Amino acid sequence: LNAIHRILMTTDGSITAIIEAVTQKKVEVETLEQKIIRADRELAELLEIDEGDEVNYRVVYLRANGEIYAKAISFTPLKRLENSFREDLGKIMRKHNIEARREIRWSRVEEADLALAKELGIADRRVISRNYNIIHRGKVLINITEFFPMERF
């Protein structure tokens, strides 16, 4: 673990700002899936909503230079969206002046299922992964899981 790796392991700051500072390039987001799904029991618990509530499920790459620096999976309860914010669905957040806090649930170094390894196009299969909530008006607004290919940082 180098110094960037260790900052990634512990930070509660924007991961896009870190990527932009490291690469000195703007992050480009590619959406790989976006679906409305119904929350099961465990997802309902995580998002503090009722089982069967609608949740926006999104999978993305964050690119910088032209390489993938993160893969990110998010769950956003629709019940929780202001009507403007809903039609739009971090860029949505600075744009709407959203006040929130971040709750880092876990972070870890791991391999890196062979699927993910091939997807990201990495030789060294070590990734940092983390999970956090974005808390707005005292409730989970978004739960985010992120994967950082270590050899890229």
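Start at 1 and count along the sequence shown; that's the residue number.
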| query | Residues with no coordinates between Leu89 and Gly90 in the deposited sequence, how many: none, 1 to 3, 4 to 9, or 10 or more? | reply | 4 to 9
| query | On average, are the C-alpha B-factors higher in 61-69 or in 112-120? | reply | 112-120
| task | Report the stretch with the higher mean CA temperature factor, choosing between 93-101 and 80-88 on the basis of the entry. | result | 80-88
| Ranked against its chain, the third holding the CA B-factor of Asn131 | lowest
| task | Going by the recorded CA B-factors, say which third of the chain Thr23 sits in, lowest, middle or highest. | result | highest
